2 protein chains.
Amino acid sequence: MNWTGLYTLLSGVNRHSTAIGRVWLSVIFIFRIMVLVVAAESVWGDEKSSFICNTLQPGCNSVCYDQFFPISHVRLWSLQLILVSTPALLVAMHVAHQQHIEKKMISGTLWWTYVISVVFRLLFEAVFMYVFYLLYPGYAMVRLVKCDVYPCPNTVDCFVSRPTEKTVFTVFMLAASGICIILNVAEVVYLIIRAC
Amino acid sequence: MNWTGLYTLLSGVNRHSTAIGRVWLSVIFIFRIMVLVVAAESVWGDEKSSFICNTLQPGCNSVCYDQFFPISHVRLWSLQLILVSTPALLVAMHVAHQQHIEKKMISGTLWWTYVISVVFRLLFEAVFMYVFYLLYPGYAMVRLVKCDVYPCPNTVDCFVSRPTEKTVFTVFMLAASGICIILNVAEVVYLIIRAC
Ligand SMILES: CCCCCCCC/C=C\CCCCCCCC(=O)O[C@@H](COC(=O)CCCCCCCCCCCCCCC)COP(=O)([O-])OCC[N+](C)(C)C
Ligand SMILES: CCCCCCCC/C=C\CCCCCCCC(=O)O[C@@H](COC(=O)CCCCCCCCCCCCCCC)COP(=O)([O-])OCC[N+](C)(C)C
Ligand SMILES: CC(C)CCC[C@@H](C)[C@H]1CC[C@H]2[C@@H]3CC=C4C[C@@H](O)CC[C@]4(C)[C@H]3CC[C@]12C
Ligand SMILES: CC(C)CCC[C@@H](C)[C@H]1CC[C@H]2[C@@H]3CC=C4C[C@@H](O)CC[C@]4(C)[C@H]3CC[C@]12C
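Residues numbered from 1 in each chain as written, not as in the entry; some residues may be left out. Chains lettered and ligands numbered in written order. Part of a larger assembly, values for the part shown. Heavy atoms only, no water.

- Determination of this PDB entry was carried out by cryo-EM to a resolution of 3.16 Å, according to the record.

This is the structure we're talking about:
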């Protein structure tokens, strides 16, 4: 493994991306992948097993955990990464297909599809940011929550596992997503300006 | 303690009661008291502590026990004995009061009050028999009961303590109560016949 191969793999074979989406976006993507890898198994490993409520009612822990955590942060970020990386994979596959068909026997089409893929990537980033805002208002996570879902009688106190570490990693991931959004907007603006 | 004193105490100082209510009713009353004494603490001692249901729901045992045993057989029989013995106590106290007031200074009044007390005793016996029939239809007691009272989810299986011994003692007490009813009716009929 060399740098001239890793850089080519990350950037794809596309020849229209500038240094914003070729040197900086790949680094932020690697940063997000590494943070998700080092945080998924350890911090969020025992989010449900150590989630306890102050009650004797059977089945209250599971219903309260599902009520307060419809989908954990780790899985939300994994889905966000997959959806954000899908258009880049599509562009790389399209470039490879065009190269194959021209070998066995265009610039504007590649430029347009790259612009469309960057727009879709920005849209996915914004959609996942909005979903995270809807599900979990506020970056901070609290230690104690009040759960009144059936079958729990009245309201019970349930305790979250590692609120502070999860808050730190949430801040990191949200900052990375914001940087990605800014870089995508800058890339779109730069391409439009240079094309005109 | 001699027999001529125990007999006088049981019969009271009333001079209108015949041999039915003076030799037989007192013996049946003693029999009921002895059976209740030997059965109350032992058979019904752990009726609630050993009453268990097949569920993890807290508080289901207590609500199911209260649902199926609104008032235990021992307490029902104790209340029945007290209420049945109340008119005899009233008659004895009235006889003592009349003796005291005649000493410090009638037969028809004593005859009428004795007849009324026997009628009230029969009425109390019948009322308690009907109450026992309403609360617990059938002499037999079952081992397993189906309880669907809140907070128990759906229907749970609850297990009664000593069904067979309680059935035996229920049969004994019901037979004694029936004998008491028959003797009271016979006493009333005999008094009415002899008075006319
Ligand atoms: C997302 C998770 C990240 C975790 C943190 C990772 C951080 C650290 C991880 C990785 C850092 C890199 C480690 C190896 C570097 C040596 C490369 C090398 O010598 O290449 C040379 C030889 O090599 C080859 O020909 C084969 C290259 C295999 C490299 C390892 C493959 C993946 C290992 C997966 C491991 C799985 C377990 C990992 C954990 C699950 C290049 O070939 P060459 O013939 O010299 O080139 C031509 C010669 N010429 C130039 C003179 C003309
Ligand atoms: C409902 C529960 C029932 C349970 C089953 C019971 C079955 C067995 C129970 C009881 C059977 C009787 C036992 C004692 C019998 C002896 C009587 C006697 O000798 O009398 C004589 C003396 O006696 C007295 O002067 C005093 C009498 C006291 C008797 C006991 C009082 C209550 C005990 C309560 C115990 C509490 C513990 C019990 C359990 C909680 C009579 O007096 P006298 O001077 O001879 O008379 C005149 C003389 N002359 C005739 C020559 C002219
Ligand atoms: C500018 C940034 C966003 C570019 C990022 C490039 C990403 C989307 C590309 C570069 C290399 C790609 C990987 C290359 C090889 C494989 C192995 C295959 O069996 C599953 C997909 C997987 C794991 C690809 C996933 C997408 C991937 C990680
Ligand atoms: C013909 C049958 C029904 C007659 C039965 C007589 C009954 C009702 C009488 C006879 C002796 C009585 C007892 C004599 C003395 C006492 C002690 C007193 O502190 C409480 C009441 C108590 C315990 C009496 C309760 C009623 C009693 C048991």
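## Some thoughts on the site of ligand 3
Moving on, step 1. Near ligand 3 you find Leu 9, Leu 10, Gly 21 and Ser 85 of chain A, and these make up its full shell.
Moving on, step 2. The protein chains hide 51% of the 620 Å² of surface that ligand 3 would expose on its own. (Near = heavy atom within 4 Å. Areas by Shrake-Rupley, 256 points an atom, 1.4 Å probe, with all protein chains shown as cover.)

## Concerning the state of the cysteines
Residues and elements named next belong to chain A.
Moving on, step 1. Inspection of every chain in the model, using the stated rule, returns 6 disulfides over all chains.
Moving on, step 2. The side chain of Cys 53 participates in a disulfide bridge whose partner is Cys 158; the two sulfur atoms lie 2.0 Å from each other. Where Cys 53 bonds to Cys 158 through sulfur, the torsion about that S-S bond is close to 105 degrees, and the disulfide is right-handed. Summarising the burial analysis for this pair, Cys 53 and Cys 158 share the class buried.
Moving on, step 3. Each disulfide pairs two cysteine sulfurs, and for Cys 64 the partner residue is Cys 147, the sulfurs being separated by 2.0 Å. Given an S-S torsion of about -85 degrees, the disulfide between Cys 64 and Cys 147 has left-handed geometry.
Moving on, step 4. Given the relative accessible area of 0%, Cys 64 is considered buried.
Moving on, step 5. With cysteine numbering restricted to those in disulfides and following the sequence, chain A has the pairing 1-6, 2-5, 3-4. (Disulfide = S-S within 2.5 Å. Buried < 20%, exposed > 50% of the residue type's maximum accessible area, 1.4 Å probe, protein only.)

## Quick word on the pairing of strand 3 (residues 156-159) of chain A
Residues and elements named next belong to chain A.
Moving on, step 1. Side chains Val 156 and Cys 158 of strand 3 all project onto a buried face; the interleaved residues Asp 157 and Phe 159 project onto a face where none is buried.
Moving on, step 2. In this structure, strand 1 (residues 52-53) lies alongside strand 3, joined through 2 bridges in antiparallel fashion. Residue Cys 53 lies in a different strand from strand 3, and its bridge partner there is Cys 158. (Helix = DSSP H or I, 4+ residues; strand = E, 2+ residues; numbered from the N terminus. Pairing = 2+ DSSP bridges.)

## Re the sheet that holds strand 1 (residues 52-53) of chain B
Moving on, step 1. Strand order in the open sheet made by the 3 strands is 1-3-2 (chain B), with antiparallel pairing throughout. Each edge of the sheet is formed by a strand with only one pairing partner; in this case those strands are strand 1 and strand 2 (144-147) of chain B.

## Things to note about a nonpolar patch on the surface
Residues and elements named next belong to chain A.
Moving on, step 1. Side chains of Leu 10, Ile 30, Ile 33, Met 34, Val 37 and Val 38 sit close together on the surface and give an oily, nonpolar patch of about 490 Å² of accessible area.
Moving on, step 2. The dominant element in the nonpolar patch, judged by the number of residues it contributes, is helix 2 (residues 19-40), at 5 residues.
Moving on, step 3. As for its placement among the helices and strands, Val 37 is situated in helix 2. (Patch = residues over 30% accessible without salt bridge, like charges linked within 9 Å, V, L, I, M, F, W, Y side chains within 5 Å. Salt bridge = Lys/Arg side-chain N within 4 Å of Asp/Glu carboxyl O.)

## Remarks on helix 5 (residues 107-135) of chain A
All names here are of chain A.
Moving on, step 1. The first and last C-alpha atoms of helix 5 sit 42 Å apart over 29 residues, in line with the 42 Å expected at 1.5 Å per residue.
Moving on, step 2. Looking only at helix 5, the buried set comprises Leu 110, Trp 111, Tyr 114, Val 115, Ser 117, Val 118, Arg 121, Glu 125, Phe 128 and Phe 132.
Moving on, step 3. Buried residues in helix 5 make contact with helix 2, helix 4 (73-104) and helix 6 (163-195). (Expected span 1.5 Å × (residues − 1). Contact = heavy atoms within 4.5 Å.)

## Comments concerning the pattern of salt bridges
Residue and element names in this part refer to chain B.
Moving on, step 1. Throughout the structure, instances matching the rule amount to 10 salt bridges over all chains.
Moving on, step 2. The partner of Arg 32 in a salt bridge is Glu 125, with the nearest N and O atoms 3.1 Å apart.
Moving on, step 3. Here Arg 32 falls in the buried class, since its relative accessible area comes to 2%.
Moving on, step 4. On the accessibility criterion, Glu 125 (0% relative accessible area) is buried.
Moving on, step 5. Between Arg 162 and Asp 46 there is a salt bridge whose closest N-O contact spans 3.7 Å.

## Brief notes about the UniProt feature "transmembrane region" in chain A
Moving on, step 1. Those places that UniProt annotates as "transmembrane region" correspond, in this numbering, to residues 23-45, 76-95, 110-132 and 171-193 of chain A.
Moving on, step 2. End C-alpha to end C-alpha, residues 171-193 of chain A measures 33 Å, and it is 100% helix and 0% strand. (UniProt positions renumbered as here; feature names shortened; annotations may be inferred.)

## Considerations on the environment of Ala 176 of chain A
Moving on, step 1. Within the secondary structure layout, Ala 176 of chain A lies in helix 6.
Moving on, step 2. For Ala 176 of chain A and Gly 108 of chain A, which are 68 residues apart along the polypeptide, the C-alpha to C-alpha distance reads 31 Å.

## Side note on the packing of aromatic side chains
Residue and element names in this part refer to chain A.
Moving on, step 1. Within the structure shown, the criterion is met by 22 aromatic pairs over all chains.
Moving on, step 2. With 5.1 Å between their ring centres and 90 degrees between their planes, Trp 111 and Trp 112 make a pair best called edge-to-face.
Moving on, step 3. The class of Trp 111 is buried, set by a relative accessible area of 18%.
Moving on, step 4. On the numbers, 6.2 Å between centres and 65 degrees between planes, the contact of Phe 120 with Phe 124 is edge-to-face. Of the two residues, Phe 120 and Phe 124 both sit in helix 5, 4 residues apart, roughly one turn of that helix.
Moving on, step 5. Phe 120 sits in the partly exposed class, given a relative accessible area of 43%.
Moving on, step 6. Note on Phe 124: relative accessible area 22%, which makes it partly exposed.
Moving on, step 7. Taken together through their ring pairs, the aromatic side chains of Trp 44, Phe 51, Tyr 65, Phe 69, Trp 77, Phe 132, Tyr 136 and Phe 169 make up a single cluster. (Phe/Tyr/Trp six-rings, centres within 6.5 Å; stacked < 30°, edge-to-face > 60°.)

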